[PDB]
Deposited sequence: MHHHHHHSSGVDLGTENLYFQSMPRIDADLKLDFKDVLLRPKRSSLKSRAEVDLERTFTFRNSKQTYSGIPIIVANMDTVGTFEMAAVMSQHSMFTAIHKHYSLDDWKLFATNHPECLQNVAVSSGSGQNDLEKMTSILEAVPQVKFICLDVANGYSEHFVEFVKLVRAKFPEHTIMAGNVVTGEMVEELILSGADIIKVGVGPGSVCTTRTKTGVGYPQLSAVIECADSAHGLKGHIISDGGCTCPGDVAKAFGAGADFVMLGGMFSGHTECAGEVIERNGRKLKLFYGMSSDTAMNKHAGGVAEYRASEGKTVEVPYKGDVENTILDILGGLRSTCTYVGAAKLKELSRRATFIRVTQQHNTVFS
């Protein structure tokens, strides 16, 4: 029996947030910092919950040192060496509280990560990523990492439904990475037919996490600050971004109209440059992106957009955005000429 779910699954383009009444005079009143206490690691975090994705070109140390100035976060890419990290530590000690070390489920990866966590005790976040986030093999791996590092906060993914968000949390992960399909350079939908609309995946997964006192990252699929806001509005605790951060000076890669090469974690460009075949669910794209320059401007644009959103729905802090969010269903997002 092949069956078809009756419920149309919407994405970001299919909706808008409705404005509401409030006493908020203007957007600089709004506080975008959140304070979280994690279910399993028992650690506490405070910052602006926007994470740079652990992709080759954007999850760099340079990107980190800027984000951190804004209390934002960076999931560092897994190809840096131990020596690379010990220089990062020496150079930017104040940044270590705002980064996560990354690993796949392979033994070599686990060992290298371990050497990093031991050499840099200030790093207190771990980001774990596989091709099939629904595998029992990932479940037992998450148990292993939890046992090895009982006081480190664990981000794990990726999934799109709530049964697997609960199983991953109950198996020791703190923050589940929700998203398969929508990523700017993800090709699961084309290559495999498998995936989920981003908005629907957050609505559905956020509820499942929060009943366990766990948390989620909306990973992928945001194309402008409005999407970030919708992602938060849908219940996401953090939002992670690759494509919106691609193209800047603090991105790794030469400038080539000035452009830069933006490529997926499991892309052909990636496999050539490195053992990444089964790191993500699809062999992602390799695109050319216009050179945007310094990431500060982009950060300002994004945070500013999000402050307005909160103001316009009556949220004085980011914590209250999902509480105040009413989405309306629309037939369009743009007025063309």
Subject >> Sequence order list of spans that the model leaves without C-alpha positions, deposited numbering >> reply: 1-22, 279-282, 301-302, 366-367
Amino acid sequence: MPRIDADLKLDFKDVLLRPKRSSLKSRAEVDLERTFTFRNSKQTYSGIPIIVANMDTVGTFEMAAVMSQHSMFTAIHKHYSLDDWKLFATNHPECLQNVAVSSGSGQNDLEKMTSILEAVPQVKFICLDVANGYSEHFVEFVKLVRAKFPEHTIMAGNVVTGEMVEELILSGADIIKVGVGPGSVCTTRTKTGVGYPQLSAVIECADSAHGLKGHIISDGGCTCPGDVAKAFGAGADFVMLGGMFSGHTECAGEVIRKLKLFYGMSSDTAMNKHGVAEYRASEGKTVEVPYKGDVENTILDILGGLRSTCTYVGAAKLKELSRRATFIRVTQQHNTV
From here on, numbers count along this sequence of modelled residues.
Subject >> Entry-level comparison of average CA B-factors, 311-319 and 12-20, reporting the higher stretch >> reply: 311-319
Subject >> Average Cα temperature factor in the PDB entry - higher stretch of 241-249, 200-208 >> reply: 200-208
**OP:** Select one of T286, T60, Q69, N297: the residue whose C-alpha shows the highest B-factor in the crystal structure entry.
**Re:** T286
Original post:
Highest CA temperature factor in the entry: which of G275, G293, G304, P49?
Top reply: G275
**OP:** Would you please rank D174 by its C-alpha temperature factor against the other modelled residues of its chain and give the third it falls in: lowest, middle or highest?
**Re:** middle
Original post:
When the modelled residues of the chain are sorted by Cα temperature factor, does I256 land in the lowest, middle or highest third?
Top reply: highest
**OP:** Can you work out whether the C-alpha temperature factor of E94 puts it in the lowest, middle or highest third of the chain?
**Re:** highest
**OP:** Consider only the C-alpha atoms of the modelled residues in this chain, order them by B-factor as the entry records it, and name the third containing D84: lowest, middle or highest.
**Re:** lowest
**OP:** Sorting the chain's modelled residues by C-alpha B-factor, tell me whether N54 ends up in the lowest, middle or highest third.
**Re:** lowest
